[PDB]
Structures are given as C-alpha cells and as structure tokens.
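Novice: for now just these chains, pulled out of the complex without moving them:
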Amino acid sequence: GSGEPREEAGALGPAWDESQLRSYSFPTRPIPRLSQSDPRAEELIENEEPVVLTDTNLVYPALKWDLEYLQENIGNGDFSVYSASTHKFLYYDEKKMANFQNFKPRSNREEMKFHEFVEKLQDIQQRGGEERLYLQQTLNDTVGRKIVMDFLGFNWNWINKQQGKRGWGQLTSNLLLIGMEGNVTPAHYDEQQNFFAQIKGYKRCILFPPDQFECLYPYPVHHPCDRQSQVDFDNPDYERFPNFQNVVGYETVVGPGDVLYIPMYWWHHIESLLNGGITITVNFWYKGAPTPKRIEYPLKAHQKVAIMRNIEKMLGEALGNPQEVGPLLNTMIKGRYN
Amino acid sequence: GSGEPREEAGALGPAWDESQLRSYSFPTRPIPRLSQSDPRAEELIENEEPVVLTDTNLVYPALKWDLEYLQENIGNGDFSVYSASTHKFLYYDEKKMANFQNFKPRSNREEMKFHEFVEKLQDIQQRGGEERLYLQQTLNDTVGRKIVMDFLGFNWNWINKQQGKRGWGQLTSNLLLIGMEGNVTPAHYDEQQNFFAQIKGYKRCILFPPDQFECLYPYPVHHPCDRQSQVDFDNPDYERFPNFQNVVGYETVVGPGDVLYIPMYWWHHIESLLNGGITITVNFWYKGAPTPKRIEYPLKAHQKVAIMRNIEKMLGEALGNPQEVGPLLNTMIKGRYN
C-alpha cells in the first residue's frame, strides 16, 4: 500500500493512520516518493510512470491556503460545486447527457459564490448532515489580487522545464479542488498529463496503468461517464466484470507539498482520508506530446486505448446514432472474433 | 423452395426432380421467375433484390457450348481448376494465406490447358474416382475465334442498359465455371453486382439478404476465407453459431438460358444438381454504383457490412498485425457493449 505512515516534522506524530483508508478487494504496491533532484524520478516521468515528488515547491505559496484565506481573497466569480448523497462523486459530462435519457446523475452541479460554499459547508457540519460537497473550479482571471500573487509564486521554472523536457502541449488549466473528508472521486482516466499538487489535508491516490483497461471496464465513449470505470469499488460485480479480480494498483498518500505525477491515460482513484478534515488540491493539466512521425511497434497500451476510443467515435458518427454502436460491435465479433 | 419442377418444351418431362437437391436445416421462399419485359423484374433489380430473368438472350450463342465445342475453340491459354476431395469448394484467397499459417486449404488450384481438364475429367469418370474438379477461369483475349464470335453475340444491348440504369461501374470480368454434378460453392457474398447466366446443366441457388449477416458468421476479413460463411451447411454447429437457426433463404434452380441477378453483398450458395451432369455458367461482375453524396438514414444492411469490413481493415493496419484484431475488439466490448 502507501507504506508506513510518514512522521511529521517536530515530532507531531503520524500524519495519518490505516484506519483512515477505505478497504478494497485489490492489492497494491506503493508509488515511489522521491526528490525532484533524484534522477530516478526524472526517469519515471520520462517513462510516463507515476511518482510522488516531495520538494518541488510547485505551490509553495498556496500551502497557507485554508477556507478563511480563500473566501477572503478568491474573488467573486462563480464556483462549480457538486452535491452527493453518497461519498462517491462520479463525473457526468452534461453535453453527453442526451444520448442516454435512461440515465439520471448522482451528483448535481451548482454554481455559487465562495462564501456561499463555505457557509453551505458550515450548515451541514452543525445540523449533522450526511450530504456531501466537492468544489471543482478552474482557476481564472476573476480571482483576488492576493491569490494572483500566490499563483505567480508557483514554481513555474520547474514545471515549465518539465513541460519542455517531455514535449507536452500547453497548460490547459488548473483545477482547484476542495472536498469534504471521506469524499471519493472514483476510478477514471484523463486525456492529459497531470501534476497533482496537494495543498491541505491528505489524499489517498490509487493508480492503475493503461494496460489494465480490460480489468476496469470504462463506460461507452458516448455515455456521460465516458472515461470512468463501471465497477463499484465498494461492491464489485464479478459476474459483469470478471477481470476486476485481476486488477493490481499503485498506491500512495499525498499531503501538503507533495506533487503526484499522474501520467496521461493512467487510471486514478482519489479519496480524501476519513476524518482528516477538508482537502485542497490544485492540478496542472497539460496536453500530451504530439504523435511521433514513425510509429513504433508493438504499440503502447495507451495507444490502443486511443484506437478503441476513435473506433467508437467514428462508429457513432457513421451509424448516425451512438445507441447502434453496441449492436454493430457485437454483431462484428460474435462467432467471428470471440 | 424452388417451386414445382418446370416442364421442358416438347414434353421432354421434368427438367429435374427433388431428389437432386441436397437437404438443409433452413426454410426458403422461391426467387421470382419473370420476363425481362416485366416491370416487376425491373423493380426487383432497382431495389437490389434477386430475380431470375427467363428471356434475356444474354448468352444465347453459348447455349450450344459443351466440352467438345470448347476444347475445340476455347484456345490455348491456361485455365484455373480447383481440386477437392469433398463436394464443397471453399474459396481461398492466396494473398491472405500468410496471416494464417495454422491454415491448410481443402481446395487446390492448378493451372492447365482445356484439353487437359476434359481428359482429367474423363479419367476420373472411368476409374470411379470420388475426386472432384471445378474450372473457374476469367474469359480473356487468348480465346478462340469462334468463342470470340459467341462472346460478341451476347446481348450487350440489354446488359449495358442495365449497367446504365443502375449506375454501376465497369464490367470487371466474366467468369467461366464448369463443374461436376454435386459440386457446391458454399455460402459467401461478393462485393460486385452479378448477372449469373446459366448455359448448360442445372444449378440450385440459395440466396440470403445482407441483413442476415449475424446468422451467417463470415470469417474474419484478414482470413483467407474472407467473405465466406464459417457454417458447415451440412453439419451446422449451433453452439458456435446460434443465429444460424434463424436463417431464412431465397431459393431457385436455373437452367440453360436463365439469368439470375445476384445483388452485391447478397449471400449465395450454389450447387450443381446431383446426377444432372456437368454444369456451365458465365457470370458478369460489375462494380457497384458509387456511394451517394447525401447519406440517408437509417443505413442499409449492406452499408453496415461495408462499415464492419472497413473497421477490421483499419484495425489490422493500425495494430500492425491482423492477429491482434480479435483481442482488441473483444477487449472493446466485454462488459462494455455486451
């Protein structure tokens, strides 16, 4: 798992303990925790393999962030906040919510001001409410002067260098995530390179490599939950998803100042530790490097995923209706390829 | 089936009788037998539905053909002749025989002169041999002067008009087929429009429409038997091909002077009647009409087949190896689309 709980500086005791981690049916090895100066870490990023960097100072300035400081300086723009009656926040692509009407979301998005979120947070706390929230907002110009000072204080010199070394595309956005303890963003993968910077609280991150596609069972590309796993990690349906019993993960727990590199196309499960208080994180999404001129065989796992994704995309276009993708695909393999 | 056996002119009795037809597990309706002057026949071709035309005079000149006449005038070019130890002649695409080495053909092609074929035919006849032959050769310039007179005598005015009316492409070839009684070309489909002209002997033709794809189970596109059914019509494996129990066919028996229109992408099973003597046929293959500018939805069955075929073609190219088409496709649908 995440190895023995790290000890805080100043003999402040274990940062967190096992009882704070949820229980799952699969085994996991620990993700490496190295210094950005360590050549081994530079080797893991270059080979698009996860690695937790402990000293980057990527978001040094934000480490002082907490609800009061942000409400005070985050500005007056709107902030997306998802609601849930469960600890699981499954993502829903609203634009895709037309292809599937027999579908109803378990997480509602709601725009609101920062002070409204903090207060909404506080009400629940006192009235003993089981309801949960998760703020997920892209950072944009409409933020306070102090926050703009912090942002500019991030270690751009180090990250822009990584950007350069890996050939990545432009930085597409910085997502700010503030969630309640126990909150869980279920397994899924993103089509961008991600430098996950922990600011406040502790988060358990379980990753699975691209070649684990067959064990994770993503929803159909045209479905609102495209890029997410259909497997309930709390109650896995082995009859529908047999290969989930063969899934092996990479795990770790990040805290204030840790930067987790989540390679593009790598599956991730993120959970804010139980009873650890709220959590704050800011991610850095970069477009992947362009496809090389000469294709090398055998193809990489992530490339096959890219292919399967396009097949489903073209088929949905060609048939004129995503609902026909399934029946055509089955007809194509039944008694022919299976 | 093929309706009541037609009666020959001059009270020559039934042309053929039921006992000459093999037995199969599926039901069939009879293909329509109309006059080329009948508007209903023009309606069936326009809607790409089979129809047997009785008066076209398409190959009037060849009706006098028989082994002696051809050996005498067919010329001295080479003639492809397939050998078989069974009554079934499954087609094999030699260029594709590298992607599958765990494969060995049941029909051998052998080049030879026409007189060699006739004599090979005769030897078997006397020595009681169970071995079977099937001559299948494209007609080309290296043929006799008399045969060139016949060919030119075909009813080009009628067929070139059909070519025009349907928007078809150029005539790609004329296949000459001479086979022994009992010979069977198993179910498969061609990517061209076909006007099947019977010259000598009787042939039973069982067709299945394009939408029957799911019940016929064609081999993978990269396999040597691409475009053929994996179902043994004599011993159907219902465990591997369950939907074959839902197959319904269109049937008929053509004789000297009948022209069967086999629409492109329509499945066909051809069998020379048992104990009816050798059979002679000449087909006319035309490229289909180009794809219309505006695509109309819902898509036609044959169009979906075209799509499935391309998917398998691109996937085989993209993965760098046709052997990986299957595993990628299964991985794409297991627990996702099925």
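Specialist: In hand now; what should we look at? Residues are numbered from 1 along each chain as shown, chains lettered A, B, ... in the order given.

Novice: buried sites along the helix or strand containing residue A:317?
Specialist: Using DSSP states H and E, residue A:317 falls within helix A:301-318. Residues A:302-309, A:311-312, A:315-316, A:318 are the ones in helix A:301-318 that count as buried (16 or more other Cβ atoms under 10 Å in any protein chain shown). Any C-beta I mention is one placed from the backbone N, CA and C, and that applies to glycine too.

Novice: report the two of those residues separated the most.
Specialist: Using Cβ to Cβ, the pair of these lying farthest apart is A:302 and A:318, separated by 24.5 Å.

Novice: now the most centrally placed residue in chain A, what are its backbone angles?
Specialist: Most central in chain A under Cα atoms, centre = their mean is residue A:268, positioned 5.7 Å from the mean C-alpha point. When read as degrees, to the nearest 10, the backbone of residue A:268 gives phi -140, psi 140.

Novice: if we can go back for a sec, for the buried residues of helix A:301-318, give me JSON lines that also has distance to chain B.
Specialist: Output for the buried residues of helix A:301-318, formatted as JSON lines (distance: Cβ to the nearest Cβ, whole Å):
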{"residue": "A:302", "distance to chain B": "14"}
{"residue": "A:303", "distance to chain B": "9"}
{"residue": "A:304", "distance to chain B": "6"}
{"residue": "A:305", "distance to chain B": "10"}
{"residue": "A:306", "distance to chain B": "10"}
{"residue": "A:307", "distance to chain B": "6"}
{"residue": "A:308", "distance to chain B": "5"}
{"residue": "A:309", "distance to chain B": "10"}
{"residue": "A:311", "distance to chain B": "6"}
{"residue": "A:312", "distance to chain B": "8"}
{"residue": "A:315", "distance to chain B": "7"}
{"residue": "A:316", "distance to chain B": "12"}
{"residue": "A:318", "distance to chain B": "6"}
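
Novice: as a markdown table, those residues with distance to residue B:152 would be great.
Specialist: Below are these laid out as a markdown table (distance: Cβ to Cβ, whole Å):
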| residue | distance to residue B:152 |
| --- | --- |
| A:302 | 62 |
| A:303 | 57 |
| A:304 | 56 |
| A:305 | 59 |
| A:306 | 56 |
| A:307 | 52 |
| A:308 | 54 |
| A:309 | 56 |
| A:311 | 49 |
| A:312 | 53 |
| A:315 | 48 |
| A:316 | 51 |
| A:318 | 44 |
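
Novice: and chain C on top of that:
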Amino acid sequence: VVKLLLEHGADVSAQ
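Specialist: So, slotting chain C in with the rest:
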C-alpha cells in the same frame, strides 16, 4: 469519416 467507412472494395470469389 462516415463516407470513408461506407466505401467498399470489389473483392470477388476469383483468384
């Protein structure tokens, strides 16, 4: 795209 998917070969049962 879809037109390309639509496009067909001209393979026949002839070597």
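
Novice: the buried residues of helix A:301-318 again please, chain C included this time.
Specialist: A:302-309, A:311-312, A:314-316, A:318.

Novice: who are the contact partners of residue 1?
Specialist: This is for chain A. Counting by Cβ atoms under 8 Å, 6 or more residues apart in numbering or on different chains, residue A:1 touches A:21, A:28, A:30, A:251.

Novice: wrong one, I was asking about chain C
Specialist: Contacts for residue C:1 were tallied using Cβ under 8 Å, 6+ apart; they are A:314, A:317, A:318.

Novice: chain neighbours aside, what residue packs nearest to residue 3?
Specialist: Reading this off chain A. Nearest residue to residue A:3 in three dimensions, chain neighbours excluded: residue A:30, at 4.8 Å (Cβ to Cβ, 6 or more residues apart in numbering or on different chains).

Novice: wrong one, chain C
Specialist: Closest residue to residue C:3 apart from its sequence neighbours, by Cβ to Cβ, 6+ apart: residue B:291 at 6.1 Å.

Novice: now the one you found: phi and psi?
Specialist: phi -70, psi 130.

Novice: who in chain A is up against chain B?
Specialist: Proximity of chain A to chain B, by Cβ under 8 Å from any Cβ of the partner chain, involves residues A:213-214, A:217-220, A:230, A:240-243, A:297-299, A:304, A:307-308, A:311-312, A:315, A:318-321, A:325-326, A:328-338.

Novice: contacting chain C as well, which ones from those residues?
Specialist: Filtering the residues of chain A next to chain B for proximity to chain C by Cβ under 8 Å from any Cβ leaves A:315, A:318.

Novice: take the residues of chain A next to chain B and keep only those in helices.
Specialist: Members of the residues of chain A next to chain B lying in helices (criterion: DSSP state H): A:213-214, A:304, A:307-308, A:311-312, A:315, A:318, A:325-326, A:328-333.

Novice: residue A:117 is in contact with residue A:82, correct?
Specialist: No: using Cβ atoms under 8 Å, residue A:82 is not in contact with residue A:117; the gap is 11.1 Å.

Novice: extend the structure above with chain D:
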Amino acid sequence: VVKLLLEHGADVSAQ
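Specialist: Chain D, in position alongside the others:
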C-alpha cells in the same frame, strides 16, 4: 489511417 486512429482528444474530468 493508423496515425488518425492514434490521435487522441484532451477530455478531462471537468465540465
């Protein structure tokens, strides 16, 4: 062809 199949989107878990 294959390069096109290879080409990827940039969809993230963000509405």
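
Novice: try the buried residues of helix A:301-318 again now we have chain D.
Specialist: Buried residues in helix A:301-318, defined by neighbour count with 16+ other Cβ under 10 Å: A:302-316, A:318.

Novice: so how far is residue A:199 from the residue nearest to the centre of chain A?
Specialist: Per Cβ to Cβ, to the nearest Å, residue A:268 is found 18 Å from residue A:199.

Novice: excluding its backbone neighbours, what's nearest the residue nearest to the centre of chain A?
Specialist: Nearest non-adjacent residue to residue A:268, counting by Cβ to Cβ, 6+ apart: residue A:207, 5.1 Å away.

Novice: that neighbour belongs to a strand?
Specialist: Yes: using DSSP: H, G, I helix; E, B strand; the rest coil, the assignment for residue A:207 is a strand.

Novice: who's it bridged to?
Specialist: Counting by DSSP bridges, residue A:207 is bridged to residue A:250, residue A:268.

Novice: just checking, it touches residue A:261?
Specialist: No: using Cβ under 8 Å, residue A:207 and residue A:261 do not qualify as a contacting pair, with a distance of 10.0 Å.

Novice: quickly list what's touching both of these two.
Specialist: Joint contacts of residue A:207 and residue A:261 (Cβ under 8 Å, 6+ apart) are residue A:50.

Novice: quick one: the helices in the stretch 151-300 of chain A, in order.
Specialist: Secondary structure of the stretch 151-300 of chain A (DSSP state H, counting those that start in this stretch): helices at A:156-166, A:213-216.

Novice: name the stretch among these that sits most buried.
Specialist: helix A:213-216 (a mean of 20; mean count of other Cβ atoms under 10 Å in any protein chain shown).

Novice: and residue A:119, how far from residue A:337?
Specialist: For residue A:119 relative to residue A:337 (Cβ to Cβ), the value is 57 Å.

Novice: which residues touch the residue positioned nearest the centre of chain C?
Specialist: Residue closest to the mean C-alpha point of chain C, counted by Cα atoms, centre = their mean, is residue C:8 at 1.8 Å. The contact partners of residue C:8, by Cβ under 8 Å, 6+ apart, come to B:191, B:288, B:291, B:306, B:309.
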